[PDB]
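S.K.: Encoded as structure tokens, here's the structure I'll be asking about.
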Amino acid sequence: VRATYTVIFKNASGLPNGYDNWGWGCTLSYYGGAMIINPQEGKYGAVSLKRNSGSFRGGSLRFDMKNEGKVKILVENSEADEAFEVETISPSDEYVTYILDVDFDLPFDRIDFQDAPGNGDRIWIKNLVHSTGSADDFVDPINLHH
Numbered sequence: 003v004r005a006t007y008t009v010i011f012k013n014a015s016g017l018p019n020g021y022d023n024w025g026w027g028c029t030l031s032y033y034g035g036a037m038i039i040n041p042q043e044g045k046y047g048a049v050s051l052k053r054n055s056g057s058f059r060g061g062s063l064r065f066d067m068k069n070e071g072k073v074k075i076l077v078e079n080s081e082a083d084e085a086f087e088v089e090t091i092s093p094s095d096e097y098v099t100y101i102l103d104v105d106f107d108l109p110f111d112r113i114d115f116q117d118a119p120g121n122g123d124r125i126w127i128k129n130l131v132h133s134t135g136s137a138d139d140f141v142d143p144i145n146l147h148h
């Protein structure tokens, strides 16, 4: 089957078009094309990118991230009140591109980036894309565009 790629955002100057942030305990800013999340210490803050209409199903999530502390990646189904941890990512000083399988058995309409250690470490995200296909079959439209 042909995979469907959905670019949520490439360079960000604000929240992605068609998305809200249903997170807590962070302030967000935008510079260099990154969504810059500054969690508040003690809050275990998260951005929870909420798709205003419709849902994704399985597949994979791709994004560029750099991060001062561990970052937990999750997805949620709002109607079902269920969250699913996808991955925890170690600190990195430089952007890394991740492509991760989403093994959640339900559709998801939120994607979360959470300050796992709760110590307020900043998180920088660019180039967030969903594919209906697997992480291994991902043909990256961001790098192709370059």
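When we follow the authors' numbering, the leftmost residue of the sequence shown carries the number 3, and every step to the right adds one. Positions of the beta carbon are idealized from the N, C-alpha and C atoms, including for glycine.
If you drop the 5 nearest sequence neighbours on each side, which residues of the same chain put their C-beta closer than 7 Å to that of residue 1?
M.R.: Coverage of the chain is limited to positions 3 through 148, which leaves residue 1 absent and any answer about it impossible.
S.K.: Extract the residue ranges of the beta strand (DSSP E) inside the region 3-71, only unbroken runs of 3 or more that lie entirely within it.
M.R.: Correct list: 7-11, 21-23, 28-33, 36-41, 48-53, 62-69.
S.K.: Spell out the partners DSSP gives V98 in its beta bridges.
M.R.: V98 pairs with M67.
S.K.: Using 8 Å as the cut-off, can you tell me whether the region 66-84 makes contact with the region 102-117, which would need three or more C-beta pairs spanning the two stretches below that distance?
M.R.: Short answer: they touch.
S.K.: Please report how far the alpha carbon of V77 lies from the alpha carbon of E96, in whole angstroms.
M.R.: The straight-line gap from Cα to Cα measures roughly 24 Å.
S.K.: Taking its Cβ as the centre, do 16 or more other Cβ atoms sit within 10 Å of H132, making it buried, or is it exposed?
M.R.: The residue in question, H132, is buried, as its Cβ has 16 or more Cβ neighbours within 10 Å.
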